[PDB]
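Student: Have a look at this one.
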Protein chains: 2
Amino acid sequence: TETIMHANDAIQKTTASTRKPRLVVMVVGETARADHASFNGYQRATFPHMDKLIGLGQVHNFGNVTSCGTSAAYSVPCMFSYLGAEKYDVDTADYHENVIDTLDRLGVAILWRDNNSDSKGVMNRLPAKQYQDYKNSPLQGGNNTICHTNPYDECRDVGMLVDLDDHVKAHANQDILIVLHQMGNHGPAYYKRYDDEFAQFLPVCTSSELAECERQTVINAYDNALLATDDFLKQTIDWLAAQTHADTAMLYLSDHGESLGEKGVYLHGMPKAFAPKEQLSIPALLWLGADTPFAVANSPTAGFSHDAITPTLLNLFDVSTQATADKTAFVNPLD
Amino acid sequence: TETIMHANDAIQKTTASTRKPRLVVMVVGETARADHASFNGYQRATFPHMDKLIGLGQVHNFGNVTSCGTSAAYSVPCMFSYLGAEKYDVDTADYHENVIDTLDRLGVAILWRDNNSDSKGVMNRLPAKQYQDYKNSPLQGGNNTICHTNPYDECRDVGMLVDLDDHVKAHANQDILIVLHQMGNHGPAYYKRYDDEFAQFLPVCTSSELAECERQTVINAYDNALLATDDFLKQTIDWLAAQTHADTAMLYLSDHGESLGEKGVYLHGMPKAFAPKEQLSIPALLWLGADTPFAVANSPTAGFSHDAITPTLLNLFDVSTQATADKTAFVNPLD
Ligand SMILES: [Zn+2]
Ligand SMILES: [Zn+2]
């Protein structure tokens, strides 16, 4: 009763009872920036798995996408909002219906796994059991079974992929959205972000005081963490490709980019008014399953931004509402 | 170290190994405003239990206190920060060591129970099991056993007091801090916030369109929710009074106030440079146990604010750090 509604008219045009169930994984990345992706022209092979799938036509790359801000606190709630970046007031985002609320009201079975921090309020109106902490191991009070593969005891993003079949089997003949919130490229200690298999650009910086290390060694650790994210996305897609009774999709966007020493600036979090372009420039990818019914939108005049996520998610679940009239999306609506 | 440190020099002057363990309950209230508390002169007995304890000298009233902002998203992280309101940056509060991080490092056993939303990042570095969701019942994925006493199935703040003895028993001979984050006076549906026992100021507004109801009936439901918070604070104190083995304290402050129709303004969330006084004026109370060693501090000339919380918590746990010099606190350090 106490929510500012945006999509009270929302209804599904078709349901899992009259066509194949829809199964979407939305990956909320962390600190990855567009121009260190090989698929956007970076001079190093940072996403070999995604590049191969792009060459096969399975993954669609949207190029240099713009985040709404330079921090998770700002970007993550706005990513799932109806307000968009221009009218978004990070302070009062929680008073509004968000796109997760709409999908849950229409019967989509939502799971949010988090190896980062939390959903920044997005999940607060749904039952607590639909949100799972994956930045802690079970004895620490969380769920991630892949935290002891490295000397930092840091939980890994691929632990969020363990037995997602549980959720799918609990929700037969239902549309499903799974949100995975990555640790990704968070710094400054990039060398802690990936297991040794991905320690490929060398040597790396092994200190949290970035200014002290040499700039190239900071970049090397950052690009190694991208390699681990490329693998995590590949394993996510491999799991979806085995769900042959559903129509599947994986959408991936980072929450913001990262400065890597341009004009001496490192990290992120700068007020958007004068943040450098590197902090606002993010990768964006969409994978679609075999025999997909969906059509990918072409990059419009203005390019894409975080504002396209909410209409995309509504389109992937066939939701009709005036709330998305004339709004950019990564996928066209079906009719 | 990926954390911006503020109290790296912190050390306890004495420990539970050489004096009585310290046991502190910090209540983070919600939407209660100073001038509707009967202990600040409101012409209605909204806090009858606290008023009796104030008359006995057991509760100290700090009068009209100022919150740092007009929403929980802004105020809650700042309440636990070292930066204080004037340097605080809500987007990047999470990058900084906060007072809970300091207490945890020094060995205080911290429990955060939340019947509101969550800790707004404050608990993110501590093990997940030290944070408990109390706005959901157990079958919903939370912990609160008192959600079915009302027709809205709304979880009640007193459910957070159920069997706190479990936490105390698990931390024998340790200092303990318990944070209880209230649902409290959140609106606009004030009439949902309290069980029938507290439906005392009548008639009440039973709609969410507050500008439609008669103003006094909105005020009546708001004041009923205060009665239920007064009762919750009394039950909290009654539990602490039974921990005779420890030196105890209860500190209570709201996250912000509330407009109740003055010049047509309702609810809160206005930008703090422009917000009316009602949204920034909050109650603040301190209860101390029998034979307390602590003394109430000199009032700042402008009155107290949220900035006093962090130095107060440090002083209550005998923590010595340069980060408290020059800073306001509700109680003096022991020396
Ligand atoms: Zn981020
Ligand atoms: Zn609040």
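Quick note on naming: the chains in the structure tokens go A, B, ... in the order shown, residues restart at 1 in each chain, and ligands are numbered from 1 in order of appearance.
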Please, which residues in chain B fall within 8 Å of ligand 2 when counting only C-alpha atoms and all ligand atoms, and what is the closest atom pair and distance in Å to one decimal for each, ordered by chain then residue number, as a Markdown table?
Tutor:
```
| residue | atom | partner | partner_atom_place_in_ligand_line | distance |
| --- | --- | --- | --- | --- |
| B:29 | CA | ligand 2 | 1 (Zn) | 7.8 |
| B:30 | CA | ligand 2 | 1 (Zn) | 4.7 |
| B:31 | CA | ligand 2 | 1 (Zn) | 5.1 |
| B:70 | CA | ligand 2 | 1 (Zn) | 7.1 |
| B:71 | CA | ligand 2 | 1 (Zn) | 4.7 |
| B:72 | CA | ligand 2 | 1 (Zn) | 4.2 |
| B:73 | CA | ligand 2 | 1 (Zn) | 7.7 |
| B:75 | CA | ligand 2 | 1 (Zn) | 7.9 |
| B:186 | CA | ligand 2 | 1 (Zn) | 6.8 |
| B:254 | CA | ligand 2 | 1 (Zn) | 7.7 |
| B:255 | CA | ligand 2 | 1 (Zn) | 5.3 |
| B:256 | CA | ligand 2 | 1 (Zn) | 5.9 |
| B:257 | CA | ligand 2 | 1 (Zn) | 7.9 |
```
Student: Return as a PyMOL selection string the residues belonging to chain A that are within 9 Å of chain B, counting only C-alpha atoms.
Tutor: chain A and resi 1-2+70-74+90-92+94+117-118+120-121+124-125+127-131+133+135-137+139-142+187-189+207-209+269
Student: For the residues in the current selection, export C-alpha atoms as a PDB file, in the first residue's frame.
Tutor:
```pdb
ATOM      1  CA  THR A   1       0.000   0.000   0.000  1.00  0.00           C
ATOM      2  CA  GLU A   2       3.030   2.198   0.723  1.00  0.00           C
ATOM      3  CA  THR A  70      30.524   5.756 -10.423  1.00  0.00           C
ATOM      4  CA  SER A  71      29.636   3.601  -7.384  1.00  0.00           C
ATOM      5  CA  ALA A  72      27.469   0.581  -6.613  1.00  0.00           C
ATOM      6  CA  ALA A  73      25.487   2.597  -4.076  1.00  0.00           C
ATOM      7  CA  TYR A  74      24.337   4.864  -6.889  1.00  0.00           C
ATOM      8  CA  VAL A  90      19.679   7.510  -4.672  1.00  0.00           C
ATOM      9  CA  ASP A  91      18.335   8.538  -1.352  1.00  0.00           C
ATOM     10  CA  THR A  92      14.726   7.740  -2.019  1.00  0.00           C
ATOM     11  CA  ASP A  94      13.609   2.561  -2.094  1.00  0.00           C
ATOM     12  CA  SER A 117      27.750  -6.540  -0.787  1.00  0.00           C
ATOM     13  CA  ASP A 118      23.965  -6.752  -1.214  1.00  0.00           C
ATOM     14  CA  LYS A 120      21.273  -2.023  -2.351  1.00  0.00           C
ATOM     15  CA  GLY A 121      17.603  -2.319  -1.414  1.00  0.00           C
ATOM     16  CA  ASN A 124      13.874  -5.574   0.188  1.00  0.00           C
ATOM     17  CA  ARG A 125      10.183  -6.090  -0.518  1.00  0.00           C
ATOM     18  CA  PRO A 127      10.822 -12.586   1.020  1.00  0.00           C
ATOM     19  CA  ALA A 128      14.272 -12.840   2.566  1.00  0.00           C
ATOM     20  CA  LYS A 129      14.731 -16.436   1.324  1.00  0.00           C
ATOM     21  CA  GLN A 130      14.862 -15.089  -2.269  1.00  0.00           C
ATOM     22  CA  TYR A 131      18.151 -13.279  -1.491  1.00  0.00           C
ATOM     23  CA  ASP A 133      24.598 -14.012   0.650  1.00  0.00           C
ATOM     24  CA  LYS A 135      30.271 -13.389  -0.035  1.00  0.00           C
ATOM     25  CA  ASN A 136      30.401 -15.635   3.063  1.00  0.00           C
ATOM     26  CA  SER A 137      30.861 -19.388   3.374  1.00  0.00           C
ATOM     27  CA  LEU A 139      29.889 -21.554   8.533  1.00  0.00           C
ATOM     28  CA  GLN A 140      30.287 -17.754   8.290  1.00  0.00           C
ATOM     29  CA  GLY A 141      26.515 -17.474   7.742  1.00  0.00           C
ATOM     30  CA  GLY A 142      26.369 -17.360   3.936  1.00  0.00           C
ATOM     31  CA  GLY A 187      40.089  -3.070  -6.200  1.00  0.00           C
ATOM     32  CA  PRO A 188      42.508  -1.742  -5.174  1.00  0.00           C
ATOM     33  CA  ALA A 189      43.781  -5.264  -4.422  1.00  0.00           C
ATOM     34  CA  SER A 207      49.875  -4.007  -2.719  1.00  0.00           C
ATOM     35  CA  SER A 208      46.683  -2.126  -1.931  1.00  0.00           C
ATOM     36  CA  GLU A 209      48.508   1.230  -2.254  1.00  0.00           C
ATOM     37  CA  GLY A 269      33.541   6.873  -6.863  1.00  0.00           C
TER      38      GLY A 269
END
```
Student: When you look at residue 151 of chain B with a cut-off of 12 Å (counting only C-alpha atoms), what residues show up, excluding the ones that are within fewer than 3 positions of it in the same chain? I need them as number ranges by chain.
Tutor: B: 147-148, 154-155, 191-196
Student: If you run DSSP on the backbone, which residues of segment 41-143 of chain A are alpha helix (DSSP H), as a PyMOL selection string?
Tutor: chain A and resi 48-55+72-79+84-87+99-105
Student: Taking N, CA, C and O atoms for each residue, export the selection above as a tab-separated table (two decimals), in the first residue's frame.
Tutor:
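The result, written out as again01.tsv:
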```tsv
chain	number	residue	atom	x	y	z
A	48	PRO	N	38.62	-14.01	-23.91
A	48	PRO	CA	38.72	-14.99	-25.01
A	48	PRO	C	37.45	-15.81	-25.17
A	48	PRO	O	37.03	-16.12	-26.29
A	49	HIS	N	36.79	-16.19	-24.05
A	49	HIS	CA	35.57	-16.99	-24.22
A	49	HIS	C	34.46	-16.15	-24.84
A	49	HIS	O	33.75	-16.61	-25.74
A	50	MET	N	34.23	-14.94	-24.32
A	50	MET	CA	33.17	-14.11	-24.90
A	50	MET	C	33.46	-13.75	-26.35
A	50	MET	O	32.55	-13.72	-27.17
A	51	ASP	N	34.74	-13.50	-26.69
A	51	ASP	CA	35.06	-13.19	-28.09
A	51	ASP	C	34.68	-14.35	-29.00
A	51	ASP	O	34.15	-14.13	-30.11
A	52	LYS	N	34.94	-15.59	-28.56
A	52	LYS	CA	34.58	-16.71	-29.41
A	52	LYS	C	33.06	-16.76	-29.61
A	52	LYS	O	32.58	-16.98	-30.73
A	53	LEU	N	32.29	-16.53	-28.53
A	53	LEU	CA	30.84	-16.59	-28.70
A	53	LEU	C	30.31	-15.42	-29.52
A	53	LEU	O	29.29	-15.57	-30.22
A	54	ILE	N	30.98	-14.27	-29.48
A	54	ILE	CA	30.58	-13.17	-30.36
A	54	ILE	C	30.81	-13.56	-31.82
A	54	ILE	O	29.93	-13.41	-32.69
A	55	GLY	N	31.99	-14.13	-32.11
A	55	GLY	CA	32.25	-14.60	-33.47
A	55	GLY	C	31.25	-15.62	-33.96
A	55	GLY	O	30.99	-15.72	-35.16
A	72	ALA	N	28.59	1.52	-6.67
A	72	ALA	CA	27.47	0.58	-6.61
A	72	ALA	C	26.29	1.22	-5.89
A	72	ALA	O	25.13	0.97	-6.23
A	73	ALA	N	26.58	2.02	-4.86
A	73	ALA	CA	25.49	2.60	-4.08
A	73	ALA	C	24.56	3.38	-4.98
A	73	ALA	O	23.34	3.34	-4.81
A	74	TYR	N	25.13	4.08	-5.96
A	74	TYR	CA	24.34	4.86	-6.89
A	74	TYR	C	23.81	4.00	-8.02
A	74	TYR	O	22.59	3.97	-8.26
A	75	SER	N	24.68	3.20	-8.68
A	75	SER	CA	24.28	2.55	-9.92
A	75	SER	C	23.33	1.38	-9.69
A	75	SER	O	22.40	1.19	-10.47
A	76	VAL	N	23.62	0.50	-8.70
A	76	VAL	CA	22.84	-0.74	-8.60
A	76	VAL	C	21.34	-0.48	-8.44
A	76	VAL	O	20.56	-1.05	-9.21
A	77	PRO	N	20.87	0.34	-7.47
A	77	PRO	CA	19.42	0.59	-7.43
A	77	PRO	C	18.90	1.22	-8.70
A	77	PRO	O	17.79	0.92	-9.13
A	78	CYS	N	19.65	2.13	-9.29
A	78	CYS	CA	19.15	2.77	-10.50
A	78	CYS	C	19.07	1.79	-11.66
A	78	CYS	O	18.17	1.90	-12.53
A	79	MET	N	19.99	0.82	-11.71
A	79	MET	CA	19.93	-0.24	-12.75
A	79	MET	C	18.57	-0.94	-12.82
A	79	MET	O	18.13	-1.36	-13.90
A	84	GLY	N	15.14	5.94	-14.09
A	84	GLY	CA	16.23	6.34	-14.95
A	84	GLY	C	17.21	7.27	-14.24
A	84	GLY	O	16.93	7.85	-13.19
A	85	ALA	N	18.39	7.39	-14.84
A	85	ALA	CA	19.50	8.13	-14.23
A	85	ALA	C	19.15	9.59	-13.99
A	85	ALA	O	19.63	10.18	-13.01
A	86	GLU	N	18.34	10.19	-14.86
A	86	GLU	CA	18.12	11.64	-14.82
A	86	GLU	C	17.26	12.05	-13.64
A	86	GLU	O	17.44	13.14	-13.09
A	87	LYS	N	16.32	11.21	-13.24
A	87	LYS	CA	15.40	11.58	-12.17
A	87	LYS	C	15.64	10.78	-10.91
A	87	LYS	O	14.97	10.98	-9.88
A	99	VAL	N	11.80	-2.87	-10.98
A	99	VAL	CA	11.39	-3.83	-11.99
A	99	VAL	C	11.31	-5.24	-11.40
A	99	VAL	O	10.53	-6.06	-11.86
A	100	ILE	N	12.12	-5.53	-10.38
A	100	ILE	CA	12.04	-6.80	-9.65
A	100	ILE	C	10.67	-6.95	-8.98
A	100	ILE	O	10.04	-8.02	-8.99
A	101	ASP	N	10.20	-5.86	-8.36
A	101	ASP	CA	8.87	-5.91	-7.73
A	101	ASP	C	7.81	-6.27	-8.77
A	101	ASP	O	6.92	-7.08	-8.50
A	102	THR	N	7.87	-5.61	-9.94
A	102	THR	CA	6.88	-5.87	-10.99
A	102	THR	C	6.93	-7.34	-11.41
A	102	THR	O	5.89	-8.01	-11.51
A	103	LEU	N	8.13	-7.83	-11.73
A	103	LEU	CA	8.25	-9.22	-12.19
A	103	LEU	C	7.76	-10.21	-11.14
A	103	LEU	O	7.03	-11.16	-11.44
A	104	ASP	N	8.11	-9.96	-9.88
A	104	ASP	CA	7.65	-10.84	-8.81
A	104	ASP	C	6.13	-10.81	-8.67
A	104	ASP	O	5.49	-11.85	-8.50
A	105	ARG	N	5.53	-9.63	-8.80
A	105	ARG	CA	4.07	-9.56	-8.74
A	105	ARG	C	3.42	-10.39	-9.85
A	105	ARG	O	2.34	-10.97	-9.66
```
Student: Find the residues near residue 247 of chain A: any atom within 7 Å, counting only C-alpha atoms, skip ones fewer than 3 places away on the same chain, and give them as an MDAnalysis selection string.
Tutor: chainID A and resid 20:23 289 292
Student: At a cut-off of 9 Å, using only C-alpha atoms, what residues contact residue 180 of chain B? Leave out same-chain residues fewer than 4 positions from it and give the result as a PyMOL selection string.
Tutor: chain B and resi 25-29+111-115+157+160-161
Student: Would you write out those residues with N, CA, C and O atoms, as a PDB file, in the first residue's frame?
Tutor:
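Final output, saved to part.pdb:
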```
ATOM      1  N   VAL B  25      23.005  -1.960  24.082  1.00  0.00           N
ATOM      2  CA  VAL B  25      22.015  -2.080  23.021  1.00  0.00           C
ATOM      3  C   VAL B  25      21.907  -0.699  22.390  1.00  0.00           C
ATOM      4  O   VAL B  25      21.634   0.288  23.080  1.00  0.00           O
ATOM      5  N   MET B  26      22.161  -0.625  21.098  1.00  0.00           N
ATOM      6  CA  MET B  26      21.962   0.585  20.316  1.00  0.00           C
ATOM      7  C   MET B  26      20.689   0.403  19.511  1.00  0.00           C
ATOM      8  O   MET B  26      20.586  -0.547  18.735  1.00  0.00           O
ATOM      9  N   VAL B  27      19.677   1.258  19.747  1.00  0.00           N
ATOM     10  CA  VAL B  27      18.430   1.187  19.000  1.00  0.00           C
ATOM     11  C   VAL B  27      18.481   2.234  17.902  1.00  0.00           C
ATOM     12  O   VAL B  27      18.524   3.435  18.180  1.00  0.00           O
ATOM     13  N   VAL B  28      18.460   1.798  16.638  1.00  0.00           N
ATOM     14  CA  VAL B  28      18.353   2.727  15.502  1.00  0.00           C
ATOM     15  C   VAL B  28      16.861   2.878  15.211  1.00  0.00           C
ATOM     16  O   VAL B  28      16.232   1.969  14.668  1.00  0.00           O
ATOM     17  N   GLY B  29      16.251   4.011  15.640  1.00  0.00           N
ATOM     18  CA  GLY B  29      14.824   4.211  15.449  1.00  0.00           C
ATOM     19  C   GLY B  29      14.507   4.616  14.014  1.00  0.00           C
ATOM     20  O   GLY B  29      15.364   4.612  13.128  1.00  0.00           O
ATOM     21  N   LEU B 111      26.076  -8.040  17.318  1.00  0.00           N
ATOM     22  CA  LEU B 111      24.885  -8.625  16.711  1.00  0.00           C
ATOM     23  C   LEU B 111      24.032  -7.471  16.192  1.00  0.00           C
ATOM     24  O   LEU B 111      23.774  -6.533  16.945  1.00  0.00           O
ATOM     25  N   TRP B 112      23.565  -7.563  14.937  1.00  0.00           N
ATOM     26  CA  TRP B 112      22.696  -6.549  14.332  1.00  0.00           C
ATOM     27  C   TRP B 112      21.409  -7.261  13.938  1.00  0.00           C
ATOM     28  O   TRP B 112      21.427  -8.133  13.084  1.00  0.00           O
ATOM     29  N   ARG B 113      20.289  -6.890  14.559  1.00  0.00           N
ATOM     30  CA  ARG B 113      18.987  -7.425  14.167  1.00  0.00           C
ATOM     31  C   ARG B 113      18.217  -6.336  13.473  1.00  0.00           C
ATOM     32  O   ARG B 113      18.175  -5.193  13.955  1.00  0.00           O
ATOM     33  N   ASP B 114      17.557  -6.673  12.365  1.00  0.00           N
ATOM     34  CA  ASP B 114      17.010  -5.592  11.533  1.00  0.00           C
ATOM     35  C   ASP B 114      15.545  -5.840  11.188  1.00  0.00           C
ATOM     36  O   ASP B 114      15.241  -6.770  10.439  1.00  0.00           O
ATOM     37  N   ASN B 115      14.622  -5.029  11.749  1.00  0.00           N
ATOM     38  CA  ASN B 115      13.214  -5.063  11.332  1.00  0.00           C
ATOM     39  C   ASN B 115      12.842  -3.840  10.479  1.00  0.00           C
ATOM     40  O   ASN B 115      11.781  -3.214  10.657  1.00  0.00           O
ATOM     41  N   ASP B 157       8.791  -4.927  16.191  1.00  0.00           N
ATOM     42  CA  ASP B 157      10.089  -4.646  16.791  1.00  0.00           C
ATOM     43  C   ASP B 157      10.364  -5.490  18.034  1.00  0.00           C
ATOM     44  O   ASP B 157      11.513  -5.911  18.244  1.00  0.00           O
ATOM     45  N   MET B 160      12.502  -8.671  17.885  1.00  0.00           N
ATOM     46  CA  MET B 160      13.957  -8.608  17.957  1.00  0.00           C
ATOM     47  C   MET B 160      14.464  -8.852  19.380  1.00  0.00           C
ATOM     48  O   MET B 160      15.654  -9.095  19.562  1.00  0.00           O
ATOM     49  N   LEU B 161      13.622  -8.693  20.412  1.00  0.00           N
ATOM     50  CA  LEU B 161      14.096  -8.928  21.764  1.00  0.00           C
ATOM     51  C   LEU B 161      14.012 -10.404  22.146  1.00  0.00           C
ATOM     52  O   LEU B 161      14.529 -10.765  23.212  1.00  0.00           O
TER      53      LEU B 161
END
```
Student: Might you pull out every residue within 12 Å of residue 238 of chain A, with only C-alpha atoms counted and same-chain residues fewer than 3 positions away left off, and present them as a list in words?
Tutor: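 What passes the distance filter is residues 25, 49, 50, 53, 58, 161, 231, 232, 233, 234, 235, 241, 242, 243, 244, 248, 249, 250, 287, 288 and 289 of chain A.
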Student: Can you pull out every residue from segment 255-311 of chain B that DSSP, working from the backbone, puts in strand (DSSP E or B), and format the result as a ChimeraX atom specification?
Tutor: /B:259-260,266-267,281-282,284-288,296,305
Student: If we count only C-alpha atoms, what is near residue 109 of chain A at a cut-off of 7 Å, once residues fewer than 5 positions away on the same chain are taken out, given as a list in words?
Tutor: residues 104, 171, 174, 175, 176 and 177 of chain A
Student: Quick one: of A:260, A:286, A:178, A:251, who's nearest to residue 216 of chain A, counting only C-alpha atoms?
Tutor: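 Result for the nearest residue to residue 216 of chain A: A:260.
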Student: Between B:15, B:80, B:319, B:202, which one has atoms that come closest to residue 214 of chain B, using only C-alpha atoms?
Tutor: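 Distance minimum relative to residue 214 of chain B lands on B:202.
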